[PDB]
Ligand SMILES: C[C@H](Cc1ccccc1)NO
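Okay, here we've got a single chain as structure tokens, the form solved without the named molecule, with questions on binding and movement later.
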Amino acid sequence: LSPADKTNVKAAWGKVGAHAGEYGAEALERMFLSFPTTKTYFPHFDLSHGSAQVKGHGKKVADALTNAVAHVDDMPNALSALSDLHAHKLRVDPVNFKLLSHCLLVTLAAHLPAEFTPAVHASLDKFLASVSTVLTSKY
């Protein structure tokens, strides 16, 4: 991640603020509706609209991304325990990290008119790929 990439990701995303919990919930719903294969990882969730579990989990996802931008230069060690979880316990298909990343970009685009520039869009996609790379590095 280039210095400009880090600047852009701190920017795009400072603007997400206290909506971050609600944006991650929306990203999941977007993933569940657009790519139904992903729902089989949440058989024990009520994946309906406004589900308290999707909201609660979207907040955890968003917080993990906050922690990643806060430690962007040492993400493997910050996301270490999440890497073990997603690869060992959950064996998440690596394909699925691209699906959620795409929905995270869509969610940001739809909520950040001004921030989602072509350059910021490019930086956010690099950021989410690095997070995805870390979360898939433990198979």
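What we label the rigid core is the largest C-alpha set whose atoms superpose within 1.5 Å from one form to the other. One-based numbering along the sequence shown.
- Averaged as a root mean square over residues and superposed structures in 6 other deposited structures of this protein, CA distances to the shown form are larger in 86 to 94; the pair compared was 86 to 94 and 25 to 33 with a core fit.
- Per-stretch averaging of Cα B factors for 103 to 111 and 79 to 87 places 79 to 87 on top.
- Higher mean CA temperature factor, per the PDB entry, when comparing 8 to 16 with 115 to 123: 8 to 16.
- Between the residues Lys98, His71, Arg30, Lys55, the entry's highest C-alpha temperature factor is the one at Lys55.
- When all modelled residues of the chain are sorted by CA temperature factor, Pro36 is found within the lowest third.
- Compared with the other modelled residues of the chain, the Cα B-factor recorded for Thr136 ranks in the middle third.
What follows is about the form deposited with the named molecule bound, which we do not show.
- For this ligand-free form, the site is classified open because the named molecule, superimposed from its arrangement in the deposited bound form, keeps every atom beyond 2.4 Å of the backbone and C-beta atoms.
- Proximity of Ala87 to the named molecule in the deposited bound form falls outside the 4.5 Å heavy atom cutoff.
- In the deposited bound form, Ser51 stays away from the named molecule, with no heavy atom inside 4.5 Å.
- Put simply, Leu47 is far from the named molecule in the deposited bound form: not one heavy atom of it is within 4.5 Å.
- Taking the named molecule as positioned in the deposited bound form, the only residue of 69 to 84 that brings a heavy atom within 4.5 Å of it is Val69.
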